[PDB]
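Each remark here refers to the structure printed beneath this line.
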Number of protein chains: 2
Amino acid sequence: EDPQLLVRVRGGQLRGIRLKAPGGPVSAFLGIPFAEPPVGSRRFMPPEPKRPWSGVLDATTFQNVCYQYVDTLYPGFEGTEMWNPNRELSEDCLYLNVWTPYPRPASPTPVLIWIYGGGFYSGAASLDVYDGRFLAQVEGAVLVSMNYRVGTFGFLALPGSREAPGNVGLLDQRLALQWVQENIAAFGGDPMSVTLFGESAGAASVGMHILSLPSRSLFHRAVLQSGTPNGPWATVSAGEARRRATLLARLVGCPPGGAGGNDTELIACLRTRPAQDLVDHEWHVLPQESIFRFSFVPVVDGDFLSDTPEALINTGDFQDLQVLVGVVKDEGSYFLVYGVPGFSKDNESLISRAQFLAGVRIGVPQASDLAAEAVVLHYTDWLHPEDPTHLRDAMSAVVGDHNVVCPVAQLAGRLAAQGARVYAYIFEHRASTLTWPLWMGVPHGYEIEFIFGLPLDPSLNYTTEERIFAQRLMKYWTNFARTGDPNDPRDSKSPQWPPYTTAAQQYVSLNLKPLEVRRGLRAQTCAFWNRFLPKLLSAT
Amino acid sequence: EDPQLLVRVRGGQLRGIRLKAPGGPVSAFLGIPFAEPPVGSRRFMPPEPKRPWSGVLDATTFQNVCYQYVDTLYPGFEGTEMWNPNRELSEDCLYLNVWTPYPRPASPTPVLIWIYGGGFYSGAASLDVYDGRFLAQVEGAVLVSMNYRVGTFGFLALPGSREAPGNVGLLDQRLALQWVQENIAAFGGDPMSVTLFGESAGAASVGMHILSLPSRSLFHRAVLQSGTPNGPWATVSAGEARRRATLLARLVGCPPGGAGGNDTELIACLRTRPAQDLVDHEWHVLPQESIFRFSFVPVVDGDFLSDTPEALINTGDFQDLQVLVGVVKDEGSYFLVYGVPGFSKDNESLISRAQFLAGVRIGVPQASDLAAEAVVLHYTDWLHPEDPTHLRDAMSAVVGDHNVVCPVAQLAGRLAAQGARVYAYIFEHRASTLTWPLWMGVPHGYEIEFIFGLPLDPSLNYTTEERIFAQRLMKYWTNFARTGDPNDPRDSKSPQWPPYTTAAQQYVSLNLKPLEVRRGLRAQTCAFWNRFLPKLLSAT
Ligand SMILES: Nc1c2c(nc3cc(Cl)ccc13)C[C@H]1C=C(CCCCn3cc(CO)nn3)C[C@@H]2C1
Ligand SMILES: Nc1c2c(nc3cc(Cl)ccc13)C[C@H]1C=C(CCCCn3cc(CO)nn3)C[C@@H]2C1
Ligand SMILES: [Cl-]
Ligand SMILES: [Cl-]
Ligand SMILES: [Cl-]
């Protein structure tokens with residue numbers, strides 16, 4: 001028995017597996033359970049702390065993926081399939097993962113926690129691109145990641161019921177976080193240096209921990225990659241949530257025979273439905289044809305979030321908060337091929353003007369005709385109104401600016417203005433090994449592999465500079481994790497990454513070239529989306 | 001008694017005068033009556049053709065200027081004073097002026113008819129900048145210009161009434177146009193080739209002639225400099241004319257003293273008022289705090305204007321028409337000094353953000369709160385929103401774009417779409433002798449002295465390049481008058497001035513360098529004022 005690979009946590013004993021990162025060893029504790037499995041009558045309920053077990057629990061592989069819809073967009077293609085579940089689907093899925101260096105470190109080392117995204121309807125911590133060997137090996141970090149319930153299981157809500165209260169997916173994350181307070185010391189990590197980081201819904205989730213009081217004392221610093229809690233997709237109102245829950249139920253059994261008294265009678269019936277029945281109907285509840293909108297997402301309940309994220313980033317006190325936030329170069333491109341007519345990976349998607357107008361209604365489902373028109377106005381080249389290249393790229397900026405870029409800038413701006421230290425970036429590097437067309441640029445989420453150090457592992461066939469690049473990234477992230485500043489703490493010329501400020505609006509390019517400072521993250525456009533358009537949507 | 005200075009026209013005989021241009025003599029016949037004096041009971045009435053006279057009418061000097069408001073912005077300043085009346089004010093003012101080569105030309109010469117501007121409230125054909133002797137001597141042109149009634153005298157309307165039908169200043173112009181058909185042959189001009197040109201309200205009037213059938217038959221080609229019949233200031237509805245006319249009456253004591261009367265009674269009361277009382281009250285009737293809005297302008301009466309200029313341009317057939325239109329570099333600057341707080345000729349006029357926002361409301365008086373916010377959204381630099389140099393230039397562009405540039409762009413595009421040959425330009429040269437400050441650039445009106453060839457008079461102190469440049473401009477205009485193309489025909493390698501078309505949106509810049517071809521006349525911004533803002537303003 002290897003004493004490194006065996007740890008005791010408050011619930012009992014665990015056995016890790018020794019892992020061979022390309023520059024030496026690491027200890028992995030995979031599949032540690034942090035909650036009672038939320039099944040049977042616990043479906044839709046807040047998670048409960050895992051009861052203590054006896055014996056030695058085998059922590060040597062990834063546990064089940066939380067039950068979820070699986071995209072069938074391009075069956076067979078690694079571009080999409082790299083993102084699909086890689087373990088069996090199960091409602092029994094509340095498990096986290098821990099990576100420490102081998103051997104267990106020196107003194108209390110800074111802790112990174114990953115929260116995966118996927119529109120709150122998909123994702124798994126067990127994915128290749130989220131493998132924490134490298135950050136732990138190469139930078140001596142303790143890297144934690146958890147599974148949390150998605151779709152209906154995590155976010156179906158009958159607001160104000162005891163029984164399907166909403167936001168239980170975030171409660172899952174909050175429980176994994178509490179577990180790190182209580183247990184990470186045992187692996188080397190430091191409970192007083194905890195940094196969150198996530199991408200998409202993962203970032204929106206980090207956002208939400210920033211915004212929810214009971215979460216604040218469980219972490220110190222935060223990274224939001226390509227996603228924010230404010231913005232058009234990451235929350236719904238209590239009333240739209242009830243509408244969606246009630247309609248979902250009605251379509252499966254639920255309650256039986258048009259009966260509408262007890263919300264708990266409604267939920268009891270839903271708990272009798274096979275998991276696949278729920279997933280089978282989850283898309284049917286959206287209110288219009290759209291993209292970048294998801295059926296079951298965090299709800300503004302007056303509870304986990306005491307007001308909307310918009311209201312809560314305006315009025316917050318954020319003195320003691322260091323944050324790092326950014327976007328990739330082409331946030332919008334995946335979304336088009338996913339759900340706007342005219343866009344594919346197989347041709348190169350030079351659309352007509354009609355397609356672009358139709359695309360704007362799909363990309364901006366909440367828009368009235370006048371709002372839709374405002375959007376067309378800003379994004380059209382009135383000199384070349386039908387240049388199919390311009391149209392294609394424009395349609396991509398609409399979706400990416402509306403959903404990601406501008407809410408990131410809004411977030412950066414409000415946090416800076418309310419006392420936070422904020423660093424911002426834009427990721428413009430396109431991987432040599434990417435298999436999506438050139439027209440798609442750097443799409444949503446293809447910075448993850450470089451933050452995670454995957455271009456290390458040389459059997460992946462990442463170029464030599466991609467490798468150096470990855471190491472820079474890993475430095476910035478872990479630097480930020482340690483200090484609240486991604487800059488090298490004594491570095492002779494690099495240069496600096498300055499804080500983002502409302503006054504100067506500085507943010508850095510992240511590519512193969514050295515760090516370049518820029519000013520105004522799509523400033524004119526974000527003024528359109530963040531100040532003007534809301535005024536025009538309401539009143540219209 | 002030169003047989004060259006003596007002429008018989010339908011009404012009788014006239015004697016003109018031999019004048020020295022720089023390059024040789026010209027013949028001028030100034031002060032020719034083309035209508036019966038519109039005084040006494042003829043105030044506000046359509047003009048009547050001048051009755052035949054006997055003897056030789058002395059046509060050797062300019063006649064009285066139509067009654068009008070005299071501007072007092074900078075008393076004693078040359079820059080403002082070159083525009084003011086230079087003969088006595090009088091209601092007896094319907095006179096025209098002809099300039100031809102001396103001796104009178106041997107072949108029928110293309111005729112150029114100039115219509116001055118002045119916001120429909122000021123102007124005279126006798127200003128030094130409207131002197132036809134250069135075009136006559138250098139290009140062999142027959143140049144005509146008329147006085148037409150301005151302000152209340154020309155545009156006070158009780159629409160539907162007999163005694164004040166409206167548009168009577170347009171009718172003054174039309175009668176001068178008829179007089180040209182009937183009589184120009186006697187001076188050597190060709191009535192089969194008549195080109196109208198005008199600036200500002202002069203240009204708006206030219207466009208109104210294009211759009212009114214009884215005017216169309218009297219001319220062949222038109223030139224519009226910095227004004228258009230469509231747009232926010234050139235016309236008013238019948239309702240608003242009636243409300244302004246009735247208010248003016250009330251202010252000068254016309255019910256008399258009691259109620260609101262017949263139209264007949266109100267007009268007869270107005271006719272008893274001295275001219276200066278009417279001039280004195282004409283600004284009193286404007287509805288809002290504004291710039292670039294005038295009290296008494298052409299009314300949409302369903303007679304002269306059978307529908308709005310906007311409607312008429314969207315639906316006419318303009319196949320037989322050639323038009324040359326364009327703008328100066330800084331259309332709005334003068335208006336800022338006239339009426340927007342923060343702007344002055346005596347300093348650089350750097351303004352604060354609050355001033356820019358107040359300015360937008362003055363410059364776009366019809367705008368609702370949200371419409372004004374759209375303007376501010378468009379023109380703010382969101383990276384440097386308080387930059388005072390930027391704000392000052394923005395404030396100028398808002399006013400220039402809204403009132404002149406964009407309405408010009410709309411006319412050029414509608415006319416080209418409906419089959420007109422169109423040429424468009426931007427005049428970018430700042431007179432070496434200009435006395436307005438640098439920040440004002442090339443203001444409204446300041447291309448006129450170049451078109452009319454004033455730089456050819458070496459006592460005015462323009463540079464040599466200015467003289468070369470005036471020569472070029474005169475050729476373009478007279479080439480256009482002769483053929484409907486401003487290009488030099490027996491020539492090549494100039495460059496060419498291509499027609500403005502809706503696909504390519506080509507226009508040229510006119511300055512000391514050779515013609516540069518540019519594409520899209522403020523395209524992004526004009527799509528804003530011309531397509532989006534009306535929808536927003538009507539939805540709001
Ligand atoms: N599956 C992907 C993910 C990511 N990026 C991908 C990029 C490409 Cl080119 C292809 C697939 C991707 C990043 C993370 C975010 C998601 C959410 C994907 C949402 C797709 N979607 C569904 C809808 C509903 O109409 N709208 N958009 C899912 C996952 C994690
Ligand atoms: N008097 C001027 C004219 C011209 N350009 C001038 C430029 C400068 Cl910088 C100074 C005076 C100018 C060109 C022609 C047009 C006019 C109309 C002036 C309208 C001013 N105004 C008054 C109002 C009332 O709010 N709004 N704008 C008047 C006249 C002919
Ligand atoms: Cl830059
Ligand atoms: Cl003289
Ligand atoms: Cl004089």
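Count begins at 1; order follows the chain as displayed.
Even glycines carry a Cβ here, placed using N, Cα and C.
Pulled from Swiss-Prot, these are the features on record:
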- B:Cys66-B:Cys93: disulfide bond (DISULFID)
- B:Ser200: active site, acyl-ester intermediate (ACT_SITE)
- B:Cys254-B:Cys269: disulfide bond (DISULFID)
- B:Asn262: N-linked glycosylation site (CARBOHYD)
- B:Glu331: active site, charge relay system (ACT_SITE)
- B:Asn347: N-linked glycosylation site (CARBOHYD)
- B:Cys406-B:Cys526: disulfide bond (DISULFID)
- B:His444: active site, charge relay system (ACT_SITE)
- B:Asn461: N-linked glycosylation site (CARBOHYD)
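Each of the recorded positions B:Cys66, B:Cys93, B:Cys254, B:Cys269, B:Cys406, B:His444 was checked for a CB under 8 angstroms from a CB of chain A; none meets this. Looking only at the recorded positions B:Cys93, B:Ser200, B:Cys526, the one with its C-alpha closest to B:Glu331 (active site, charge relay system) is B:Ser200. Filtering B:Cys66, B:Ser200, B:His444, B:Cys526 by Cβ distance to ligand 2 (under 6 A) retains the following recorded positions: B:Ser200, B:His444.
Ranking the recorded positions B:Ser200, B:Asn262, B:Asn347, B:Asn461 by the number of CB atoms within 10 A of their own CB puts B:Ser200 at the top. Put simply, B:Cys526 is the one of the recorded positions B:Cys93, B:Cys254, B:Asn461, B:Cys526 whose Cα lies nearest to the Cα of B:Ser200 (active site, acyl-ester intermediate). Rounded to a whole number, the C-alpha distance linking B:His444 (active site, charge relay system) with B:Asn347 (N-linked glycosylation site) is 19 angstrom. Taking a Cβ distance under 6 Å to any atom of ligand 3 as the criterion, the recorded positions B:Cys93, B:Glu331, B:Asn347, B:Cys406 reduce to none. Of all the disulfide-bonded residues listed (B:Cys93, B:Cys406, B:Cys526), B:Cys526 has the fewest other CB atoms within 10 A of its CB. When the recorded positions B:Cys254, B:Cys269, B:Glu331, B:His444 are compared by the number of other C-beta atoms lying within 10 angstroms of their own C-beta, B:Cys269 comes out lowest. Comparing B:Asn347 (N-linked glycosylation site) with B:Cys254 (disulfide bond), their Cα atoms are 44 Å apart once rounded.
Within the same chain, residues at least 6 positions away in sequence whose Cβ sits under 8 Å from that of B:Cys66 (disulfide bond) are B:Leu89, B:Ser90, B:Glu91, B:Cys93, B:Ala124, B:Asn147, B:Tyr148, B:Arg149, B:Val150, B:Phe153, B:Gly154. Annotation note: B:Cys66 (disulfide bond) sits in a strand segment as assigned by DSSP.
B:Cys526 (disulfide bond) is 44 Å away from B:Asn262 (N-linked glycosylation site) when you measure Cα to Cα. Taking the Cα atom of each, B:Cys254 (disulfide bond) and B:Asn461 (N-linked glycosylation site) are about 51 angstrom apart.
Taking CA atoms as the reference points, B:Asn461 (N-linked glycosylation site) and B:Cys406 (disulfide bond) are 34 Å apart.
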